[PDB]
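As structure tokens, the structure follows; a few thoughts come after it.
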Amino acid sequence: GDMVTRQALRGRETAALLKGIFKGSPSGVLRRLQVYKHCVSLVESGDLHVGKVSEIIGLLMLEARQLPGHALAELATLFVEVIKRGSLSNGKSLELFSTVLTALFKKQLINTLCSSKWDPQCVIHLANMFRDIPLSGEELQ
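Letter by letter, the sequence shown follows residues 30 to 55, 60 to 137, 156 to 192 of the deposited numbering.
Below you can see the structure in the form of structure tokens.
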């Protein structure tokens, strides 16, 4: 994954890396999860252009449907940890988290999110994510 991260400076080969992820998919789950976490970190860096980040997020959302429950839960926990760290400055991570939540312990996940303290200057992005995936009657209150 580190080599792919180094090679994805231009952003042209990242799609080929996704094919490599497919080569991982058909050991595979852990490599895919690590690649997803590193891609989330790279998008959080913000160095990549808007179009490349949008295409990468779309491809990741499309590919996340086939992933198993354990990898999805691990990615959700990592996203919650990143939100607690408050190092997010783009809505692409919010869209990815919304897609992961839509794929679907979900009630416990949103309850734990509710118990947490929000980071100022990211409340609008949290609201964007919440309208992306609606909550229940009691959690929304």
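Just so it is clear, CB atoms sit at the ideal spot from N, CA and C, and this is done for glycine as well.
For the options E88, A106, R41, the alpha carbon positioned closest to that of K70 is the one of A106. Exposed is the label assigned to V83, since fewer than 16 other Cβ atoms lie within 10 Å of its Cβ. In the DSSP assignment, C165 falls within the alpha helix (DSSP H) that extends over 157 to 166. Around the beta-carbon of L63, fewer than 16 other beta-carbon atoms lie within 10 Å, marking it exposed. In this structure, the beta-carbon distance from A109 to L66 does not fall below 8 angstroms.
Here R98 carries a helix assignment [DSSP, helix/strand/coil]. With respect to the 8 angstroms criterion, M180 and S120 are not classified as neighbours on the basis of their beta carbons. For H82, no alpha helix (DSSP H) encloses it, and the DSSP letter there is neither H nor E.
By the criterion of a C-beta distance shorter than 7 angstroms, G79 is surrounded in its chain by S122, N123, once the five residues flanking it on both sides are discounted. Going by beta carbons, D183 and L137 fall outside the 8 angstroms limit. Per the Cβ contact rule, the segment 91 to 105 is not in contact with the segment 163 to 170 (fewer than 3 Cβ pairs under 8 angstroms).
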